[PDB]
Amino acid sequence: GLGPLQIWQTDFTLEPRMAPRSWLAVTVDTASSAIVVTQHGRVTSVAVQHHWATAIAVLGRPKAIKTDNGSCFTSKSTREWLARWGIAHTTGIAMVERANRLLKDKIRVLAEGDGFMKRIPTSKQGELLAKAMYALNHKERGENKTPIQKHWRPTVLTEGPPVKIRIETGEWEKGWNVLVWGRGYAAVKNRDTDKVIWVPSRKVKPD
Amino acid sequence: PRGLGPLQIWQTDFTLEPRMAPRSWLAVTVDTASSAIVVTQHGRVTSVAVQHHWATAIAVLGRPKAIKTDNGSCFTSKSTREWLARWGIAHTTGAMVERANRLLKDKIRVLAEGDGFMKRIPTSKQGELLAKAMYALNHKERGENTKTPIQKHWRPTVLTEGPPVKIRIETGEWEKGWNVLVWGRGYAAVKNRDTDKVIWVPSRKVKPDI
């Protein structure tokens, strides 16, 4: 939906260039379009949980995931696992298809770009896949945002959260932000005047 | 030895975790500013392994300007040096990653014993368990932090000029021409008001000015 970590779509897909572990578990966040890929020798019920756990480690935990129906998606094990994680499950029978195409194309390009015209040597598969991931998630997909931008909204803040401080009245005054704490003082910057002062920590509360 | 913002300086290390035998080598990288960690399993330490590991870290965290390691032969091979150079990542062989190894190993311990594995974790459960540990490390606040490591990584706070401080010189007096950019429990980054120069000093040696 309109939001990272709401609905993901997961699918398995066959990339023989990655043999013997030619099975690729693909997950994409429907809002940010961030991909996570893991490889597997066969499409088991443990592979899926491994995959999802990976993608969760990268992306965070989602409200819900859409898969097709089974059989390793509708494993007893798999449902029990989802429930353990508190992750809502949608079956059906798309966006992750598009992902499969982008992903297999990026892989063909990297592989051929390094001199391997068929099956990629096993040892180099990991790095290659990781490069695919870096490309699809970090590098612009057209004249409009990267998945990284959409998932994380990256930015560099120049001060901390807003706060109020107590002045020579007893009143709490808004219009201030925390830069650092040290030795029981907060350094604080007025966001109108750019003035910075040290204030006893007790005299500082969030806004 | 530390960055002021993410993707400046990473630290990397291989650690041995017997619970994850037979492939018990974990490559661990931590970003010195965000504290985010990336981990991968390896069956032995190699240039191939470290390159794969770093590629993985880069796909997760973005590309860093520099990486510090120890004088481990796998970081200084021809293969790895050409790799780093291709990616334009500076390398140096100058603790944050040690802390990271401790946190990682603790988490792995807790999750493994939380599921009856007091020993080697079964081979097929290793992947998921490590992924779980990585999730708990980057997507949960490290105690006193209000932000998770991943949040600090993507939306960091980087002070423009920093508030004035006195630092206890060396003789042992408080010198007054300094500003502070990062103030941790262990260490503080301070800037002199007449140079570009930023140095890391122990927090006991820094106090607010007026």
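Residues numbered from 1 in each chain as written, not as in the entry; some residues may be left out. Chains lettered and ligands numbered in written order. Heavy atoms only, no water.

The deposited coordinates for this entry were obtained by X-ray crystallography, with a reported resolution of 2.65 Å.

A.B. asks: Would you take a moment to explain helix α3 (residues 96-113) of chain B for this structure?
C.D. replies: For the α-helix, the turn length of 3.6 residues means that residues three or four positions removed from each other point alike. Residue and element names in this part refer to chain B. Across its 18 residues, α3 extends 26 Å between first and last C-alpha, which sits within 8% of the 26 Å expected from 1.5 Å per residue. If you check which residues of α3 are buried, you get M96, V97, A100, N101, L104, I108 and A112. The buried residues of α3 occupy one face: seen down the axis, they fall within an arc of 140°. Away from its buried face, by an angle of more than 90 degrees, α3 presents the exposed residues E98, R99 and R102. Those residues of α3 hidden inside the fold are in contact with β1 (9-16), β2 (25-31), β3 (37-42) and α4 (123-138). (Helix = DSSP H or I, 4+ residues; strand = E, 2+ residues; numbered from the N terminus. Expected span 1.5 Å × (residues − 1). Buried < 20%, exposed > 50% of the residue type's maximum accessible area, 1.4 Å probe, protein only. Arc of directions from axis to C-beta. Contact = heavy atoms within 4.5 Å.)

A.B. asks: Would you take a moment to explain the domain arrangement of chain B for this structure?
C.D. replies: Accessible area lost upon the coming together of the parts serves often as the stated size of an interface. Residue and element names in this part refer to chain B. Domain boundaries assigned for chain B yield domain 1 (1-156) and domain 2 (157-210). Buried surface at the junction of domain 1 and domain 2, summed over both partners, amounts to about 610 Å²; 65% is from carbon and sulfur atoms. The three residues of domain 1 that bury the most area against domain 2 are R2, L4 and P156, which together make up 84% of that side's buried surface. On inspection of domain 1 and its partner domain 2, the count reaches zero salt bridges. Residue composition of the side of domain 1 that touches domain 2, by class: three nonpolar, two polar and three charged. (Domains from an automatic or database assignment. Buried area = accessible area lost by both parts, 1.4 Å probe. Salt bridge = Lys/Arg side-chain N within 4 Å of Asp/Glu carboxyl O. Nonpolar A, V, L, I, M, F, W, Y, C, P; charged D, E, K, R; others polar.)

A.B. asks: Got a minute to help me understand the pattern of salt bridges in this structure?
C.D. replies: Should their charged atoms come close, side chains of opposite charge can pair. Residues and elements named next belong to chain B. One pass over the structure, following the stated rule, counts 15 salt bridges over all chains. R109 is the partner of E113 in a salt bridge, and the nearest nitrogen-oxygen pair spans 3.5 Å. Of the two residues, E113 and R109 both sit in helix α3, four residues apart, roughly one turn of that helix. When its relative accessible area of 30% is taken as the criterion, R109 is described as partly exposed. In this structure, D209 engages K176 in a salt bridge whose closest nitrogen and oxygen atoms are separated by 3.0 Å.

A.B. asks: Help me out: how do you make sense of empty space enclosed by the protein in this one?
C.D. replies: Rolling a probe over the atoms, with the probe sized like a water molecule, indicates the empty space that remains. Taken as a whole, the largest cavity spans an internal volume of roughly 40 Å³. The wall of the largest cavity is formed by A:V46, A:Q49, A:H50, B:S124, B:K125 and B:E128. Elements that contribute at least two residues to the lining of the largest cavity include exactly α1 (45-59) of chain A together with α4 of chain B. Within the lining of the largest cavity, the residues separate by chemical class into one nonpolar, three polar and two charged. (1 Å grid on protein atoms, 1.4 Å probe; cavity = no way out; pocket = protein on both sides within 12 Å on 5 of 7 lines; lining within 4 Å. Points joined across faces, edges and corners; volume = space filled by probe spheres on them.)

A.B. asks: Would you take a moment to explain the sheet that holds strand β8 (residues 187-192) of chain B for this structure?
C.D. replies: The strands making up a sheet associate through hydrogen bonds between their backbones, and the pairing can be parallel or antiparallel. Residues and elements named next belong to chain B. In space, the five strands of this open sheet follow the order β9-β8-β7-β6-β10, with antiparallel pairing throughout. Two strands bound the open sheet, and with one partner strand each, they are β9 (198-202) and β10 (206-208). Between one strand axis and the next, the sheet turns by 50° as a mean value, whatever way the strands run. (Pairing = 2+ DSSP bridges. Axes fitted to C-alpha atoms, helices over the stretch in contact; angles between N-to-C directions.)

A.B. asks: Looking at this structure, I do not really get the packing of helix α1 (residues 47-61) of chain B against helix α2 (residues 78-87) of chain B. What am I missing?
C.D. replies: Between two packed helices, what matters for the description is the angle formed by their axes and the separation of those axes. Residue and element names in this part refer to chain B. Following both chains from N to C, one finds α1 and α2 inclined at 20°, their axes separated by 9 Å at the closest point. When the interaxial angle is binned, α1 and α2 end up roughly parallel. The chirality of how α1 crosses α2 is right-handed. On α2, the residues that touch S47, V50, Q51, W54, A55 and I58 of α1 are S79, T80, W83, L84 and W87. (Parallel < 35°, antiparallel > 145°, perpendicular 65-115°, else oblique. Left-handed = near helix turned anticlockwise from the far one by under 90°.)

A.B. asks: Which parts of the structure should I look at to understand the environment of A:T122?
C.D. replies: You can see A:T122 is positioned in helix α4 (residues 122-138). Spatially, the C-alpha atom of A:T122 lies 29 Å from that of A:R141, the residues being 19 residues apart in sequence.

A.B. asks: What should I look at first to understand unusual backbone geometry in this one?
C.D. replies: The phi angle of most residues is negative, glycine excepted, and most peptide bonds adopt the trans form. The linkage connecting A:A19 with the following residue, A:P20, adopts the cis geometry, with an omega of 5°. The topology assignment puts A:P20 in the loop between β1 (7-14) and β2 (23-29). Each neighbour pair has its own omega, and for B:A21 with B:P22 the value is 0°, a cis peptide bond. Considering the arrangement of structural elements, one finds B:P22 in the loop between β1 and β2. Here A:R153, not a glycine, exhibits a phi torsion of approximately 45°, which is positive.

A.B. asks: Would you mind showing me how to read the side chain of A:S22 here?
C.D. replies: Residue and element names in this part refer to chain A. Within the secondary structure, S22 is located in the loop between β1 and β2. The buried category is assigned to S22, whose relative accessible area is 11%. Among residues more than four places away in sequence, those in contact with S22 are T13, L14, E15, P16 and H40.

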